[PDB]
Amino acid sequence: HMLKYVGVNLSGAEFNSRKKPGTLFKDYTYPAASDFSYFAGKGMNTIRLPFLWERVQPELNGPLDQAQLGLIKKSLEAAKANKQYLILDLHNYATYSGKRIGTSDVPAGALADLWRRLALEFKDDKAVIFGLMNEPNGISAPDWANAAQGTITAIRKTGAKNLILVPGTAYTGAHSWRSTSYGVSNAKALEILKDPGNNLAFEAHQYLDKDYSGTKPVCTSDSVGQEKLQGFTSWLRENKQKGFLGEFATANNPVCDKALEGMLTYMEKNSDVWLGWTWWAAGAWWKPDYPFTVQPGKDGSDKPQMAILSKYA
């Protein structure tokens, strides 16, 4: 890999998110240790690990759930054993129990408290990367930027020097990073962020279907991926920042495979600002027909997209 961090999302701990606490192995699962070694064997040195705020912190501003923390720590042991980095992805869409950050129910400070506590747990660990929030939306760019600043500040107050991945609002889409149609863009809002620890990257996501949701197994052209990354890439360069593609995916077809090669090549060519990427997704709980799975088969066989991902790892 020409990029520092390449790998996959191991999805499953965030499943059935309505269920709180939910029951391990019934409503959600953590990854098998064998998942980590499989992806390591393909050249991937980074795992993004979705998990739920509600499961790790059952009451806002309250203590962390020790069982949930233990599961995260067990995944960290597996990552370290396989010489991987682990992104702790608070996979929450700027909500807690269905209520948006910024409402009276969920003040921005509550997210800062969550991250204070996780930072205290993982500060002494070079393998751990802090993924502040999966796909904030339903909150303005300046309000989200304020929430993000509070969270960065809370992490740094603990002494933690770990890399922080900071998203924008609008589902942190790379394509829409500079859009001012509806008001202030992520680009403008996030210009004012300060990290006293100087170890930040901006997390964007990019899907290649008509509305960039990853709802359909279509890539709208064989070049749309790289095209949609350009504005964000320039913004990184303009601001002397780094970026991380926290989710992206393409379906198993010729146009999509061309688009995938194009976007991976594009990030390599622009590795001055792209720190890395994590494909969506692997994990043991996807159905056989899920168009973006790279979880190896029960037969041990590689999924179609893995042959391309492995080339860039």
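So that there is no doubt, residue numbering starts at 1 and follows the sequence shown.
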| said: On mean Cα temperature factor in this entry, is 216 to 224 or 200 to 208 the higher one? | reply: 216 to 224
| request: For the higher mean C-alpha B factor in the entry, choose 284 to 292 or 31 to 39. | output: 284 to 292
| Between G173, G102, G138, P142, which one tops the list for C-alpha B-factor in the PDB entry? | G102
| request: Sort the modelled residues of this chain by their C-alpha B factor and say whether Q305 lands in the lowest, middle or highest third. | output: middle
| task | Quick one: classify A108 as lowest, middle or highest third of the chain based on its Cα B-factor. | result | highest
| message | Lowest, middle or highest third: which one holds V6 when the chain's residues are ordered by CA B-factor from the entry? | response | middle
| Compared with the other modelled residues in the chain, in which third is the CA B-factor of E59? | highest
| message | Test of reading the entry: by CA B factor among the chain's modelled residues, which third contains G262? | response | middle
